[PDB]
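A closer look at the structure
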Amino acid sequence: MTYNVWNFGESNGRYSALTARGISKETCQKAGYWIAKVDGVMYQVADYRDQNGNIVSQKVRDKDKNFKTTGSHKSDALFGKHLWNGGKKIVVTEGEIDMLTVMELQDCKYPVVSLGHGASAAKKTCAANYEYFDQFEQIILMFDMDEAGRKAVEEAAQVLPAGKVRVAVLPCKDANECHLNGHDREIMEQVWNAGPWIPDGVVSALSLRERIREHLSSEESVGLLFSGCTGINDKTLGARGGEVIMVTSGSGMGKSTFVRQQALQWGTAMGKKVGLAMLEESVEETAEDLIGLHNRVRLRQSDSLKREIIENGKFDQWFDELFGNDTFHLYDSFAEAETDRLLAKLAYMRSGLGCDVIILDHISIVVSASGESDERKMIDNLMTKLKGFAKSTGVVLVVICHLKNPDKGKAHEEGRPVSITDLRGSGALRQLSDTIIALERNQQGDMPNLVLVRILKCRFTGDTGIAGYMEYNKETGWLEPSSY
Amino acid sequence: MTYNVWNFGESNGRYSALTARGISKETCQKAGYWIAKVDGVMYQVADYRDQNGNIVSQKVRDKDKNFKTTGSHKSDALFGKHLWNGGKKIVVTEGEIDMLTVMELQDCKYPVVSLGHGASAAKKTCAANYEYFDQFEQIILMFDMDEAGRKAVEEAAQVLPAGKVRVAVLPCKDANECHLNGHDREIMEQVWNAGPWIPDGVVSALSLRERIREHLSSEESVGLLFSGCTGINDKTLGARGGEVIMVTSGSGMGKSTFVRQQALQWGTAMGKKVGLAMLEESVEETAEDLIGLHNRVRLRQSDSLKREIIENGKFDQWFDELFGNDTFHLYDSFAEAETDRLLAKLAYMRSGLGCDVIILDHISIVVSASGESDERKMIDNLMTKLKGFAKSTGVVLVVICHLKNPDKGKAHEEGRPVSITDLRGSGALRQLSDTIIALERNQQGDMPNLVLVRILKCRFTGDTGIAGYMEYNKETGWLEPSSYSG
Amino acid sequence: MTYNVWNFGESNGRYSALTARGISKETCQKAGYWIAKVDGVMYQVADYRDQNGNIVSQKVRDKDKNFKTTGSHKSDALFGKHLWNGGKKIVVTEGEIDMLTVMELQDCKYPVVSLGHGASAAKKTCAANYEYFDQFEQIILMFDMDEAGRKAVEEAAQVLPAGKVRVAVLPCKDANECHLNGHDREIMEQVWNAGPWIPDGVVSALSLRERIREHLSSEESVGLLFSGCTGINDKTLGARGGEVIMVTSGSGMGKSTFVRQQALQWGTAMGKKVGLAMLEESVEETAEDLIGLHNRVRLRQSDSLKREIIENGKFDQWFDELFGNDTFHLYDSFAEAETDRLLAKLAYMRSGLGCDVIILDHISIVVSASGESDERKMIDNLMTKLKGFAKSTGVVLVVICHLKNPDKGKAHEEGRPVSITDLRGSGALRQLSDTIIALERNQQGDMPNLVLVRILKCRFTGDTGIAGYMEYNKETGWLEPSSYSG
């Protein structure tokens, strides 16, 4: 079923030079690279010979870079393998043209081989040739310089003689792309000047510099400062781009109210693009809170004030004053937000809308992979991905979780300082969350509107404890900072 | 096992014009769309060429619009892919005929492509062609304009180069349906404009205004009116179009009775359309109570009264008085009622019959996907889907649940205040539901008919605590407001 | 359903020579390997006879080397078994073609047999023929010379007559591949020699002379010598290569700062190549810490200092001063790290980059083969593989773990000495890891910057207890040694 080895003297074969790639006639003749003119078209043939010269398979491509295989292209296909009986170092490229590049610079004097089945079977091809590649003291993996190419490098070195793998740095696409540009000086370095450097994928370049330069210069440093109460700023220095602020308290003690002030203030006074994910209220209601909160009023609790602003078009007045800066974007559905049907949407703001802060209310709403007993694992899987997206893009991620009901004394609603153990979900939230804000208030005591703010964690500063106090203004619905 | 590639010259092929579709000969010639005869066998062939012109596969249809595929119809099947090698914008239709419409208006000069396997493989076909589609700064999804079409649009944008995705909103069924009608003017505008997104529905309201102005002007407007006892209204202001009321009490203490009064009250005085889902009682028993409740009588608790109103023709009198306004609607099943065998129908009321309030009595009859340990997830999974449904439609959803038996002292029916922890503790119903109504009564005390109403939750106001009291009138079966202060 | 045994004279049978395999006619006649024709095909038949000559089963292949079995191919299928009634040595190849090679050079005079079912059933076939194979003083296993072939060789010592097994090493693929090339000389040598056999041969030592001499001499225990406080060095003498240093405290009081100083110190004063895996902070933030820590400042906690070194060009100055020697290398992804293949990346280092020291911050980054209840086994499984790689390559592996929150008194951040039981995970890390460093401090007392260092385990010295004290300089961010005695 497979095609058959094209005979050199039976398909207009000639050993011509690859001017469009930078390879002369002399090199192609030694590696087994010829040009066939069948049906008038111009095919490129790579002779995969065995240990005795007998051609086993061939890799044929044309002008449109289409691939056609002849003979027995087994898993151990290595272009040029028949030329070298061992030595000191061997260069292992990805394509035959790149294999023709190294030999050109080395005058076809030093061991160079290519991969049979491209970058995909790199792992299989190298594993099938472990016995062969172990005949050399070093193995120069010179694959392409891109996403798929770097994946091929990783999958090759694993099933290769550990301690002899070597990768070439290329400021271009591949070996031939360097040659046709200037940089024969960086190709030659592996045999001629360099030698070290091989492990990628870990992104370690040490001389990264630029991403560090970019971070300090372009991030807002202290991107914002928590409003409604200082002292939180004294112990946290606001929130940065990449961290995850953790806000929690008792049921109906101001988790939403506190965070909603931050969303409002940041998107108004310090014009940040704030993203909202209120999985427990309609975007009209969340805006309703924002609208009332902005105008220092309780628009929600008042049916009269709702009725007031309607019978005169006062919506447009306050609205244009607030959302007119196009700073607020939210999530609308209610209909079950799956995990990677939420992370996808949360990413859409950050990236598409260009938001600087993302707000996720209530993180006990999982709705994903139902069948795995105990959602204590679901939250852990979710928390890591939420932490990941936030930092890898540099957004500010503020999330609200709830608290385990202790049933061990007077609980939350009647005092009780909340610690790290009372946190809902498994002990991943005690680790991923860079900063943890906690609110405590006695709504059955003399000071129900008095709320205590406690920092439970801050990777940034490490300064924990009680920040300050605040008071819920039943008129404005704001959290004005208190004395004490 | 596939068919051989049809030959243009060997199948009497000619490049004719699609008169009944609005496409001229010139358009057919450039896209590779021809007509084959041979013994009167009239098929239309779509040539799916590769990057060199060589025909790879064909999609062949006839008079009856039956489909027949030849060659290698691979995943990356794109009709017209061989015509464009990059560009500014590219139009992506669904069928080849729609792909022939866009090219017709553009003089077959601008990038237009079709889907190989219709709207079903839209996700697979577009993902297979990510490398190709990224050679354009914009990707115009001009799919069909229907239920299935909007699903294909949705499943396309996910596996397409983000930021460059765009959808065409047509007044008709498809691009060709617009063309043959008048509206070539809506296709052409939508070729280089539109600019969707296709989000979930972020905002997408310029920036927030469009739905909010619409909502706040017409908002609740479904804020209802809890009757039977004021004070519940004083601390909750009732329920909203989107909220979910959680009503509970000790087993058989007035859970069914209380909610049944509101459904009656709402569906009579303030003409609201109430939907009923009584899974523990047949629709006939619920009507019996409602009829008796409306006329202030224990219609059940009397073999004489049942016999009475029937023989003198007083049944039809009360019946027309109550259900006459065509407001009350119910569900018949009893057969376990699977989760997505209720939610589908619960939506049918809200949507088809147009109800403002839906009542779901007893939420321990889950019965769905039996084989997973602990129904502790079923109640949670159901509550989330129930809560979601409420807001996306804007319906007031009142649901009744049941409590665990404490056995840590005197239990519920003899006193004992029901807090938020004693129900299910790690309950999801304490999270999804916005307002939680609780009834408490000592049926073994001096006042068994006396019932205490306690607000356990209110996302709206946040004002919790004891609302008021009520008295069970053994004559009318109503919950009349009482005078009490312990 | 099994095929009927092919008759020689009924399928045009002939005993011919395998010109393309290097086997003459004379040999095929003696082994019972013949060619059947019919319908333009020549099939190759391997007669598996019993002790009486009667053919029991056959293994038939053609040109494309496709396999077809006839008769009763039992587990003890041994091609050539009928030829030998005991002897000195016996050669057991993998395929029949290899079985056809060895005796031919030997004129078919000494025992050679093949496996009935290739390399896969090597374990079962040899076990089924233990009685037969033990009739010889030696058993020459000349299987293939590849990945799969050596695996069949490996499971020999497990299910073969202990002491008589023999392994063949060939310069090619198999025995026939050597024959057609040159090397008939390496086959015959290995039929009467080799010897060992086979698995982990740590014996009889002696041959470990130069490498142990080399290890202690050129690795005086890798690196060692901590910094920050003498006393840690007094009780541990440092951190050997192949050891796993365990650092822990009350999550959110330090640990990272201490470990970060060691990475800095080792990668600066005692120039070691330190690899970093900060799975909780991107490399730019960790470098920010390292840069500031190197320059005796808290560059993270000063909006003023960050802008300072940028505008007057002091950033590049410190940067080149630190990383200019290519001593520091890091990991970055932060997008749910896994095990397969991440441990591969950790293992891939050490060799390529030459990393003398690897630092793993945080060891609760699970999220891998999820679906296995309780991550208590994952931490154990990971610790073994981490301990394995570290020692098998000889790189210092420093890992930071957290503590279970006790809720049995005042917890961690208010005092409380941490024991070996307080360690997170089902204490496998208390077994695999060698040295265990613990930090204790009260951030709610009079001396919050005062931190006590406690050794919980040290395989190298066995000296446990309290090492010394330190004080966190809020200015430099360092752990300077303190002078304290409680």
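Residues numbered from 1 in each chain as written, not as in the entry; some residues may be left out. Chains lettered and ligands numbered in written order. Part of a larger assembly, values for the part shown. Heavy atoms only, no water.

For this entry, the PDB record names X-ray crystallography as the structure determination method and reports a resolution of 4.8020 Å.

So, about the overall build of chain A. Looking only at helices and strands, one finds 16 helices and 18 strands in chain A. For 484 residues, the compact-globule estimate of 2.2 N^0.38 gives 23 Å, and chain A exceeds it by more than 25% at 32 Å. C-alpha atoms of chain A, sized along the principal axes, occupy 100 × 50 × 45 Å. Among the 484 residues that make up chain A, the fraction classed as buried is 56%. Put simply, of all contacts in chain A between residues at least 6 apart along the chain, 61% involve residues at least 24 apart. On chain A, roughly 19,800 Å² of surface is accessible, and the fraction owed to carbon and sulfur atoms is 47%. A distance of 5 Å separates the average location of the 58 positive side-chain charges in chain A from that of its 67 negative side-chain charges. (Helix = DSSP H or I, 4+ residues; strand = E, 2+ residues; numbered from the N terminus. Rg over C-alpha atoms; globule rule 2.2 N^0.38 Å. Buried < 20%, exposed > 50% of the residue type's maximum accessible area, 1.4 Å probe, protein only. Contact = heavy atoms within 4.5 Å. Areas by Shrake-Rupley, 256 points an atom, 1.4 Å probe, with all protein chains shown as cover. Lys, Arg positive; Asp, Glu negative; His and termini not counted. Charge placed at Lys NZ, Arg CZ, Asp CG, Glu CD.)

Counting 50 residues, the largest nonpolar core has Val247, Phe323 and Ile359 of chain A together with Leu208 of chain B as the members making the most contacts within it. Those residues in contact with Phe323 of chain A, other than ones at most four positions away along the chain, are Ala287, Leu290, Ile291 and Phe328 of chain A together with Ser207 and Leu208 of chain B. (Core = buried A, V, L, I, M, F, W, Y, C linked by side-chain atoms within 4.5 Å.)

The next thing to look at is the packing of helix α8 (residues 210-218) of chain A against helix α14 (residues 314-323) of chain C. Where α8 of chain A contacts α14 of chain C, the axes come no closer than 12 Å and their chain directions differ by 145 degrees. Between α8 of chain A and α14 of chain C the crossing geometry is right-handed. Contacts between α8 of chain A and α14 of chain C involve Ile212, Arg213 and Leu216 of chain A from the first element and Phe315, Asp316 and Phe319 of chain C from the second. Looking at the contact of α8 of chain A with α14 of chain C residue by residue, the class counts come to four nonpolar, no polar and two charged. (Axes fitted to C-alpha atoms, helices over the stretch in contact; angles between N-to-C directions. Left-handed = near helix turned anticlockwise from the far one by under 90°. Nonpolar A, V, L, I, M, F, W, Y, C, P; charged D, E, K, R; others polar.)

On to helix α5 (residues 147-154) of chain C, then. Residue and element names in this part refer to chain C. Residues of α5 that are buried include every one of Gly149, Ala152 and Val153, and no others. Taken end-on, α5 shows its buried residues confined to a sector of 105 degrees, consistent with a single buried face. In α5, those exposed residues whose orientation departs by more than 90 degrees from the buried face are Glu147 and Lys151. Along its buried surface, α5 packs onto α3 (122-128), α6 (156-159) and β9 (165-167). Here α5 starts with a cap whose side-chain oxygen sits 2.9 Å from the backbone nitrogen of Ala148, and that cap is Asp146. (Arc of directions from axis to C-beta. Polar contact = N/O pair within 3.5 Å; in protein donor to acceptor, adjacent residues only side chain to side chain.)

Turning to the interface of chain A and chain C, a few remarks are in order. With 51 residues of chain A at the interface, the matching set in chain C holds 52 residues. Inspection of the chain A/chain C interface yields eleven salt bridges. Measuring nitrogen to oxygen at the nearest pair gives 3.8 Å for the salt bridge that ties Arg211 of chain A to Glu284 of chain C. Inspection of the chain A/chain C interface yields 22 residue pairs in polar contact. (Salt bridge = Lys/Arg side-chain N within 4 Å of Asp/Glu carboxyl O.)

The next subject is the pairing of strand β15 (residues 435-440) of chain C. Taken residue by residue, a regular strand's side chains alternate between the two faces of the sheet. Residues and elements named next belong to chain C. Of all six residues in β15, six are buried, a share of seventy percent or more. Along β15, one buried face is formed by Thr435, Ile437 and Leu439 and the opposite face, lined by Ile436, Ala438 and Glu440, is buried too. The pairing of strand β10 (residues 244-248) with β15 spans four bridges and is parallel. Looking at the pairing, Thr248 lines up with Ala438 of β15. Pairing of β15 with strand β16 (residues 450-458) involves six bridges; the strand directions are antiparallel. The partner of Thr435 across the bridge, within β16, is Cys458. (Pairing = 2+ DSSP bridges.)

Once that is clear, we can look at the interface of chain A and chain B. Each side of the interface is counted separately: chain A has 44 residues, and chain B has 39 residues. Carbon and sulfur atoms make up 55% of the surface buried where chain A meets chain B, a total of about 3,900 Å² over both sides. For chain A, the biggest contributors to the area lost against chain B are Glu284, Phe334 and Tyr348 of chain A; these three give 17% of the whole. The interface formed by chain A and chain B holds five salt bridges in total. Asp316 of chain A is the partner of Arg213 of chain B in a salt bridge, and the nearest nitrogen-oxygen pair spans 2.2 Å. Linking chain A to chain B there are nine residue pairs in polar contact. Broken down by secondary-structure element, the contributors of at least two residues to the side of chain A that touches chain B are α11 (283-294), α12 (303-310), α13 (314-322), β12 (328-329) and α14 (343-353) of chain A. By residue number, the principal contributor to the side of chain A that touches chain B is α11 of chain A, which donates six residues. (Buried area = accessible area lost by both parts, 1.4 Å probe.)

In sheet architecture, strand pairing relies on hydrogen bonds along the backbone and comes in two forms, parallel and antiparallel. All names here are of chain C. Read from one edge to the other, the open sheet built from five strands follows the order β5-β7-β6-β8-β9, with strand pairing classed as mixed. A single partner strand is all that each edge strand has here, and the edge strands are β5 (78-79) and β9. Here strand β6 (residues 87-93) runs beside strand β8 (residues 136-142); their pairing, made up of six bridges, is parallel. Pairing of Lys89 across the sheet is with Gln138, part of β8. Against the sheet, helix α2 (residues 96-105) makes contact with β5, β6, β7 (112-115) and β8, and its axis sits at roughly 170 degrees relative to β7, the strand it touches most.

Let us look at the packing of aromatic side chains. Taken as a whole and assessed by the stated rule, the structure comprises 37 aromatic pairs over all chains. Centre to centre, the rings of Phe8 of chain A and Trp34 of chain A are 5.4 Å apart; their planes meet at 75 degrees, and the pair counts as edge-to-face. In this pair, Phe8 of chain A is assigned in the segment before α1 (25-31) and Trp34 of chain A in strand β1 (residues 33-36), connecting sequence segments 26 residues apart. Residue class for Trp34 of chain A comes out buried when judged on its relative accessible area of 0%. Aromatic pair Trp6 of chain C and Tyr43 of chain C: ring centres 5.3 Å apart, planes at 80 degrees, arrangement edge-to-face. (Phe/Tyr/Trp six-rings, centres within 6.5 Å; stacked < 30°, edge-to-face > 60°.)

Let us now look at the arrangement of the chains. Take the two pairs of chains in contact: the one carrying the most contacts is chains A and C. At the level of C-alpha atoms, the two units chain B and chain C stay apart, their nearest approach being 14 Å.

Another aspect to go through is unusual backbone geometry. Residue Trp197 of chain B is reached from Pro196 of chain B by a cis peptide bond, and omega for that bond is -5 degrees. Here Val203 of chain B and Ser204 of chain B are connected by a cis peptide whose omega angle stands at 10 degrees. With respect to the element layout, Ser204 of chain B can be found in the loop between α7 (185-189) and α8 (209-217). For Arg209 of chain A, which is not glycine, the phi dihedral falls at a positive 55 degrees. Looking at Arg209 of chain A, the relative accessible area reads 17%, which means it is buried. Its identity is not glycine, yet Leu224 of chain B carries a phi of approximately 45 degrees, on the positive side.

Another aspect to go through is the UniProt feature "domain: SF4 helicase" in chain B. Mapped onto this numbering, the UniProt entry gives "domain: SF4 helicase" at residues 218-485 of chain B. The span residues 218-485 of chain B is 31% helix and 18% strand, and its two end C-alpha atoms sit 39 Å from each other. (UniProt positions renumbered as here; feature names shortened; annotations may be inferred.)

With that settled, the discussion passes to the side chain of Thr384 of chain B. All names here are of chain B. Inspection of the secondary structure puts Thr384 in helix α15 (residues 376-393). On the basis of relative accessible area, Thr384 is assigned to the buried category, the value being 15%. A distance of 2.6 Å separates a polar side-chain atom of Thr384 from the backbone oxygen of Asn381.

Under the local residue numbering, the UniProt record ascribes the feature "domain: Toprim" to residues 88-175 of chain B. End C-alpha to end C-alpha, residues 88-175 of chain B measures 21 Å, and it is 39% helix and 23% strand.

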